[PDB]
């Protein structure tokens, strides 16, 4: 079953090594790939090998790598090992690339995922020399069918001077038809178009990405799997978090502040948000609808149990066993999933209009409910902000989820002051840990503190937090958001110095 159904384009098929030779040192390369789904694989490997060879000969050979979101070991992993990426945007989860970033060997900036397409069109990343995009198939009309994610692929195809397509036989042919690619101006030159989405399950586009065939310089036939980590089966900590939130939603419904079927759900990357979805798959809320950035195992379970009717997202983020599950049951799931451009799925105008409920994980929050999603001790990148800002600020309800402690209790997830801020107080209304739920709506900072400390803090750390806060109220420069600047960041320094936030 020929995947390249356009006859004329078959003449552009060539090996990965030859194709990679189109990528020059200094090139800006835009690729498909979103949370371990749909990134190119074979051309990156071939590139990485040639990069290492060139480095030994003393030839500079690095690229700027712009993606949808995070990719996999074949892309981020291989290129980082080869020391071949001088700039990376906007999101990564590969350990080797992360090490490059945190060692200052690769420059990194995690843009709001929903803005990357627009900033690319604006020229923020420079001119795109190459778009490297993985496809399920190429239609007779020359349409490019995406794989397990859409990401920024349409925008990258538009901008790039040259186009390389990887047609991956591994990807299920029945992916064709699952995507919704819109013809309108979302992230182009102002004035942009109104995106006529008024329901999360509404399609407004077509099944294929469009590209001038004259720009396609090479097509590489591939056969290699998406690779992403499994999710942690929800333990007692995660299940407690799920329990608190579901109870919360329940009361909201009883008070008629939410409909019985809630509102369109966004669930972010990570184990905790996934654990919540596992809770929802057997919860008291029916006819649920997903308007998310990614579909993780838990959301897939919800569609399976029937609690969720349909899920909109830009990408899959499935475990190896979940991915294998959906590709055996593509018949069932295909009619319940819509994969959109990432600048549509994370469009603020749409998110607010739909009234999405945002559920996201976090590194830490301070007592006033400022949120760190990214930088441990304020300097060491974990993954990136992703679309968490897109959704948190635009949502009807912004909810953040975390164990109250980290690293076996040696770190408190509730701190005097966040070492880095991704989400300001105004962007966070609800906090949930295994200790309880803090509802911050309508509260001043001092009021937010009392709630967060009492409800969410771990018993090991709560008195220390209360000690900080009470002395801050006595001594702070101002009393609106009381701080003791001499010790605001001292818990983080203590961890650095001793390996634990707990004093001796």
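Numbering follows the first chain given and starts at 1.
Mean CA B-factor, 16 to 24 versus 482 to 490: the higher value falls on 16 to 24. Comparing 225 to 233 with 359 to 367, the higher mean C-alpha B-factor in the PDB entry belongs to 225 to 233. The entry lists C-alpha B-factors for 161, 94, 343, 422, and the highest of these is at 161. Note on 430, 137, 308, 189: the highest value goes to 137, judged by CA B factor as recorded. The deposited CA B-factor of residue 322 belongs to the highest third of values across its chain.
When the modelled residues of the chain are ordered by their C-alpha B factor, residue 501 lands in the lowest third.
Among the modelled residues of its chain, residue 473 has a C-alpha B-factor that falls in the middle third, as given in the PDB entry. Sort the chain's modelled residues by C-alpha temperature factor and residue 447 lands in the lowest third, per the entry. Among the modelled residues of its chain, residue 70 has a C-alpha B-factor that falls in the middle third, as given in the PDB entry.
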